[PDB]
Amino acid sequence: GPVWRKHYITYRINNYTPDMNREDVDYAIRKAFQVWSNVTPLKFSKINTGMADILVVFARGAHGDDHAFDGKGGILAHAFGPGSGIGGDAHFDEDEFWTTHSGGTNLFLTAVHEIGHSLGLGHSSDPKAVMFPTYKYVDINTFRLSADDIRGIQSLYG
């Protein structure tokens, strides 16, 4: 499927969840991008205004893309593959309670998965992969991609 055809990729945080400190949202998202730039030639930069490749949005219920959220639980987030417009964008369900830790739903871990989609990855059947469909908390301080995730992303980039 589609991939980004350039190495410098921008993201913009459209709005911030009230669930977390602003700086913690910034850091979680930055770290999640870093997971993927660690294993590809991609470079990610946060921009404050204008058109970014990847728009990060927090929203609940119906939010303008025909892919409505479902309240607390269930769908935690979704993201669109590389392309113009909404392509690349990552949306996080505001009806979740986002955190920096094991409580609620961990933003960093969810963002690693969603950014995988923003870069062109689909779901993996391997329960050890970050691209596995099911959320399960793992210690964020020592988090690592599975071999399957690395094979997947490196088949697309680098």
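Take the two forms, find the largest set of C-alpha atoms that superpose within 1.5 Å, and that set is the rigid core. Just count from 1 along the sequence shown to find any residue number.
Engineer: Do you reckon 65 to 73 or 90 to 98 strays further from the shown form in 5 other deposited structures of this protein, measuring C-alpha RMS after a core fit?
Structural biologist: With the rigid core fitted, 65 to 73 is the stretch that strays more in 5 other deposited structures of this protein.
Engineer: Could you check which stretch, 137 to 145 or 14 to 22, carries the larger mean CA temperature factor in the entry?
Structural biologist: Between 14 to 22 and 137 to 145, it is 137 to 145 that shows the higher mean C-alpha B-factor.
Engineer: If you average the CA temperature factors over each stretch, which comes out higher, 42 to 50 or 109 to 117?
Structural biologist: Mean C-alpha B-factor is greater for 42 to 50.
Engineer: From 123, 67, 31, 60, can you pick the one with the highest C-alpha B factor in the entry?
Structural biologist: Out of 123, 67, 31, 60, the record gives the largest C-alpha B-factor to 67.
Engineer: Consider only the C-alpha atoms of the modelled residues in this chain, order them by B-factor as the entry records it, and name the third containing residue 75: lowest, middle or highest.
Structural biologist: CA B-factor rank for residue 75: middle third.
Engineer: Lowest, middle or highest third: where is residue 8 by C-alpha B factor in its chain?
Structural biologist: Lowest third, going by the recorded CA B-factors of the chain.
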